[PDB]
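Numbering (our numbering), first residue to last: 38 to 390. Scroll down for the structure; my scribbles are underneath it.
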């Protein structure tokens, strides 16, 4: 009757905490976290850790205000130190690092990350270490430090090479690798591969990250000038399933590429604002995607001519003439176009390629 009534209390605490979460009662849930503390000592350190972790997670999905969220985390941490519950403290610190990242609180995510890593590296069971090295990578990347983002991910992968990681950890690792090979726009081909691995590992387990990975497969293909592969990849028995605005956006960008049309590229970006410019990773690449679309559309217009007025080219792409003349001279200077400009009579001569 006593091992049982302790079990029923566990259920009850979680049920009520879950209810406070759904009804949006943050303060009530904060109090429940404090009030349950003595009860936690009549159960194993591990049962208690599950329980505390579960409530704190509930608290952090409530939009309570970064300030109140970070303070609640520090309090449970400080409590965990004051109780010598080590594994629990460490994993509450890991959660808080995740919170700092999510909240754009980057330098404190690093500061806390550095502390925790010193401990975690001097211990067995490396699963948590992977998590923290991956967060370190994610946060260096957000701070625009690719060397240190790559180096943190390398550590994560090497640590994960030892363990047999669950698919969501593997997926997330394959997703960062993809993000980082693509970040400097130097290796979209291997980035594509990592995204494909990520997609395969996430599929039927986490369908939001599966969708993200597929999306980035398509992005890579586009960036590679291989945008005609996009229809085949989408058509595939498994991809079909993932229909929606995200895939429609990439398909629409792929079409713009195919038609070498800046106007269609612009119509995509603003029809699919949420799926394109608001995707931190697509956004990172739209600048150079724009250049390529501009260039390809200009090639399309020039193609029928051995000699063409710049005014004609500018009217066709519906852009002011100085911009178009500037683009053309740059394309010629960087050997992207085999031709020459008569700047005074406004003519571009095109060489027999």
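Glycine residues also receive a C-beta, built at the ideal position from the N, C-alpha and C atoms.
DSSP assignment within the region 181-224 yields the following whole alpha helix (DSSP H) runs of 4 residues or more, N-terminal first: 183-199, 204-220. Apart from the 5 residues on each side of it in sequence, residue 364 sits with its Cβ closer than 7 Å to the Cβ of 331, 335 in its chain, given in chain order. Assignment of residue 387 by DSSP, reduced to helix, strand and coil, places it in the strand class. Distances from the alpha-carbon of residue 86 to those of 296, 300, 377, 127 put 127 closest.
When the Cα atoms are used, residue 101 and residue 94 turn out to be separated by approximately 12 Å. A Cβ-Cβ separation of about 11 Å leaves residue 286 out of contact with residue 304 under the 8 Å criterion. When only Cα atoms are considered, residue 69 and residue 292 end up about 54 Å apart. Residue 169 has no beta-bridge partner at all, per DSSP. Under the rule that a run must span 4 or more residues, the alpha helix (DSSP H) segments found entirely inside the region 71-113 read 82-96. If the five residues before and after residue 343 are omitted, its C-beta is found closer than 6 Å to the C-beta atoms of 387, all from its own chain and listed in chain order. DSSP places residue 376 in the strand class (E or B) of the three-state scheme. The shortest C-alpha to C-alpha distance from residue 232 to any of 373, 207, 221 is the one to 207. Counted as a single uninterrupted DSSP element, the beta strand (DSSP E) harbouring residue 344 occupies residues 344-346.
Distance from the CA atom of residue 57 to the CA atom of residue 109, rounded to whole angstroms, is 16 Å. Along the region 292-376, the beta strand (DSSP E) occurs as fully enclosed runs of 3 or more residues at 344-346, listed in sequence order. Linking residue 90 to residue 98 through their CA atoms gives a straight-line distance of about 13 Å.
By the Cβ rule, the region 362-378 does not count as touching the region 314-327, because fewer than three pairs are nearer than 8 Å.
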